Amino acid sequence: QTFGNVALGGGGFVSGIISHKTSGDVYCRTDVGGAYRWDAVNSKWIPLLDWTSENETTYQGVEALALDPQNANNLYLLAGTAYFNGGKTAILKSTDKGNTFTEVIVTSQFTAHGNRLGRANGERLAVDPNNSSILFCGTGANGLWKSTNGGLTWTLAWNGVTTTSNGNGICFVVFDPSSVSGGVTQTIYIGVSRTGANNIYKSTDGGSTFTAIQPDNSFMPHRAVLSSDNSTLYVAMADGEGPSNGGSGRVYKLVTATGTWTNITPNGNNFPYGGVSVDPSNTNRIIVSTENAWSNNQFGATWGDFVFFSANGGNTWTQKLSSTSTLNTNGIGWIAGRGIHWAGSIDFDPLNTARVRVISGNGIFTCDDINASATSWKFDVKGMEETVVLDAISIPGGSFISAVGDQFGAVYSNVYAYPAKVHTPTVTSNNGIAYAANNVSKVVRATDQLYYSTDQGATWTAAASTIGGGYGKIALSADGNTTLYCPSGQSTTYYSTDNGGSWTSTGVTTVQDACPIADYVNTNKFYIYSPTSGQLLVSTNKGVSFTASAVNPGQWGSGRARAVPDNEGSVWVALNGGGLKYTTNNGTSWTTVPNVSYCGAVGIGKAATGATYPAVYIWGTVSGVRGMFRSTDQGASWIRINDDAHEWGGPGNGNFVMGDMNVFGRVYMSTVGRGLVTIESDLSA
């Protein structure tokens, strides 16, 4: 209720599906946005890692997820991202299906990178099916590790493999619990993400020594699974690790009693393969998915990977995703024309193996009846949001409009309703958006080119020219007639009085990735805060020229400063470790907000009833507590409106907080991998 998301649905890469082969619990992991449990009672995904603080953004990268065959309550994640928090890596252990976790930091022993090449391979973390206290973990670069205390500490088990050219190392670990001594499983199979050297190994002494067994080192394994009866190991492989490389591949099966490998590649098509699943009650019933194939014209509407099913252990196969399939959008209209790609994990639902889930670069798709002649695949992403949101606007009396990486963004009359369409044309992303305060039908967005709308985002027309380059931040004057624009990666802000028919430099040439801001009241006034110089630059001639204000707010803040409705000359600046300041006089002087020792982002929203100033929202540290705070009294007092369970890793790539201008208390925040989060902070009930 209080915490949620703008509805979009999936929109990023789910890198693995893991189900409990006895209880039927289903989970997934993602590369940039944590992990989820499928709540089959309520039919929605439940995020499990929204508690990660900004000191734990790293854990949004989930490299492996393991369940305990003997106890469905246990759940383990290997979490870490190379580029956050020093690459800090942990085993995250839960005894309650992910409702709560214990953190076991392992960085100095081994690291993980959820956004690595090879990330859909797995699972490289596994629980001994005979002994809940024993886990093994293959690592990308540090060998094979084990724990004998349920994941609390780890030791090096085997180092015959450590590093590989692709950085992905040991990429699956599978136990055969038919082989046991002293209550410790003795047979372990591992896969290694390399070609031209040994890459599938078997130990029969509990992981102390391994023997190479692969039939063809031209291909590296992605995933493997052992049938419930322990008789047959199925392996998907390709000549690259995926998800976005690999040009050919195979499916193999190993009959363990005789060590017999059979090439069961569907139709000898030799596509790159990643996903494989076996029915827990039928060794011979299997399904596979290609990974990084693109020549399947799914639904007749899109291009992506293939899915093949067999009931005879791979002797013959039937396609289960093709041009005759249909896409059930499940009320999420914008997914039409998109499909299943990077399909490096596929899973029969253990409770009913007529049902199959498959991953994709844009979410997860579910076929509830794999036996149908013309299969129906549902975009099955309720509760899941994985996009990287880059900008947004909230129009008083109008729509909320997002600018999103990969899935472009949408126009919302109800932010909790799934969009029928996303902004088109877009190339890759929209990274900036603006509207005219006194001409609210006029909106502009920045992709490879600028696009203008005269109907509040419903339709778009390209600017005649987009000066400098695309993807920059943008402002529209209050009257809508002037645009200011700084191309991404460039340091000059330009102005146009004709929707980009012509451009002229503002004279501001030294603010890289400038975020120009229009005053809401005075159509001739704009501001640019420069982190490098520490200056607030102000224009009173509609962008023709700027001057620095009398007093600098200070250096090294966020470029995303905010003007204030109904308050000409007011600007709030998030100063990072310099705190939070605001001016009411165009930067002639500044108020230091007491008790704010750090502020990463500031946004404005609808005023409280009976208040005289718009509400202010920050992501920052107030009296020593980092989180989301609201002030309804112009910064004199603050209240925390998030909680320790809802931090999401902080503001992430888009680095913004913004209030809704129509719904008091509602605030939006960007994230590294959880879409656009919302807090409905008006707790009046």
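From 1 onward, residues are counted along the sequence shown.
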* Asked: Taking the recorded C-alpha temperature factors, which stretch has the higher mean, 111-119 or 538-546?
  -> 538-546
* Asked: Mean CA B-factor: is it higher for 505-513 or for 600-608?
  -> 505-513
* Whose CA atom has the top B-factor in the entry, of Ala392, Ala420, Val573, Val381? -> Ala420
* C-alpha B-factor winner, where the candidates are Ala636, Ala35, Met628, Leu67 -> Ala636
* Relative to the other modelled residues in the chain, which third contains the C-alpha temperature factor of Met661: lowest, middle or highest? -> highest
* Lowest, middle or highest third: where is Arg124 by Cα B-factor in its chain? -> lowest
* Hey, what third does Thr164 fall into on Cα B-factor, ranked over its chain? -> lowest
* Sorting the chain's CA B-factors, does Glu56 end up in the lowest, middle or highest third? -> middle
* Sorting the chain's CA B-factors, does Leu580 end up in the lowest, middle or highest third? -> lowest
